[PDB]
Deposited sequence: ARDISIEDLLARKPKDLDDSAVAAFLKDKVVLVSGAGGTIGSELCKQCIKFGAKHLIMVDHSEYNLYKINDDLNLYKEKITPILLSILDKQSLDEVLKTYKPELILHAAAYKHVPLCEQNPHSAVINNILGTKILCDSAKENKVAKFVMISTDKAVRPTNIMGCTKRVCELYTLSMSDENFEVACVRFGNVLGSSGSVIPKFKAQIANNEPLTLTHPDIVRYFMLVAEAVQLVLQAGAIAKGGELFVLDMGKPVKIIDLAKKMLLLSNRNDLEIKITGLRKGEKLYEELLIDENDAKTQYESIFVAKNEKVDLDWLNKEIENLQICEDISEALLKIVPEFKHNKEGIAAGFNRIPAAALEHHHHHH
């Protein structure tokens, strides 16, 4: 199988550490029905969370994760809710008092975010602000945000918004409220990602659509990335930007060709780079990143920004005419393509 062939198989998965971090906690997962969120949920159960609160605005996704976890229904609360609804969210936090928030709600599709930049701003930046602010006010002990390699030297709106989320959450970290962000790259087989698409095209006797002959991504299984996220959250003291070692880059052409050989004839058609799309995402581990006890996990450097400043910029982002230009002022390494 292709997923097998591309799995990382990190040597440093540590079940008992994550169990030690999660046992008997009240954990809330935002975007609980998403690719990342659903797996966060499954692992929270696996590693012994006492109560899992599942927040998602997509009814099918909340339904699906709730139904998937039906054997543990007595430990789970499905909360059908947008994290933009401050008042309802504050109520959820007051009532359940979670000790840990795993924040996996966002918009992530680069093209749809180039087409809908204001919604990417609201959903990603303003949603993260509201959830993070409400977590801190309601004495949540620890807050872990999912980030992405597309947040590093971002060339798209999506990625730049997640970079602003890193800046915000990490700047809210203090002795009482420990925030960590974790960057990682592509997850194998997430819905509406390149692999099931190729599998479909192959099953429909269609040509495989390849963006560019040279395009490469880094890949991990979802269970691999999520367990490493949780190990990172376990060791965090607050303020860390973590980065996962994704292993070898994979050329998407080679991925196409392996999938063809795997089903024993169709042509691969080149369709062109898309706006804001990178030929090679940034390698996540810098040579000056600090090591942790886990070989797959490093801590990248980050400075706090002034929150009065950053809040004003976030206010302005909601009303401004040129979102791209506003984002550059906040994220100077943003080179918008």
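Undergrad: So which bits of the deposited sequence did not make it into the model?
TA: Seq positions lacking coordinates: 1-4, 269-270, 344-366.
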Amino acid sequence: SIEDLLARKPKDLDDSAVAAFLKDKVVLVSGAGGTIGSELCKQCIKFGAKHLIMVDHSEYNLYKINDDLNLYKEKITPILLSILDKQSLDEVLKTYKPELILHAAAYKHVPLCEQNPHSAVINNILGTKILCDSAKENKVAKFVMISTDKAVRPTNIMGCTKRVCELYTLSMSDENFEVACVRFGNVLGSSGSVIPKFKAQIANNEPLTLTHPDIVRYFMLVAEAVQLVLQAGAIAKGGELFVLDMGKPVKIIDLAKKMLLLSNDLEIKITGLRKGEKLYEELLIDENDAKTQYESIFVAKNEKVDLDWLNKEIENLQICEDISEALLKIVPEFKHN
From here on, numbers count along this sequence of modelled residues.
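Undergrad: Would you mind comparing 33-41 and 300-308 for me and telling me which has the higher average C-alpha temperature factor in the entry?
TA: The deposited B-factors put 300-308 ahead on the C-alpha mean.
Undergrad: Comparing average C-alpha B factors as deposited, tell me which of 327-335 and 2-10 sits higher.
TA: In the deposited entry, the stretch with the higher C-alpha B-factor mean is 2-10.
Undergrad: In the PDB entry, which of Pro98, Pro207, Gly159, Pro117 has its C-alpha at the highest B-factor?
TA: Largest recorded C-alpha B-factor: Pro207.
Undergrad: Maximum C-alpha temperature factor per the entry, among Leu80, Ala200, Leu241, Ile130, belongs to which one?
TA: In this record, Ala200 carries the highest C-alpha B-factor of the candidates.
Undergrad: Divide the modelled residues of the chain into thirds by Cα B-factor and specify which third, lowest, middle or highest, holds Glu295.
TA: Middle third.
Undergrad: Which third, lowest, middle or highest, does the CA B-factor of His57 fall in along this chain?
TA: For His57, whose C-alpha B-factor we compare with every modelled residue in the chain, the answer is the lowest third.
Undergrad: Going by the CA temperature factor in the PDB record, which third of the chain does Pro154 belong to: lowest, middle or highest?
TA: Middle third of the chain for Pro154's C-alpha B-factor.
Undergrad: Which third of the chain holds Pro196 when residues are ordered by C-alpha B factor: lowest, middle or highest?
TA: Its C-alpha B-factor belongs to the highest third of this chain's values.
Undergrad: Going by the entry, which third of its chain does the Cα temperature factor of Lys278 land in?
TA: As the PDB entry reports it, the C-alpha B-factor of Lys278 lands in the middle third of its chain.
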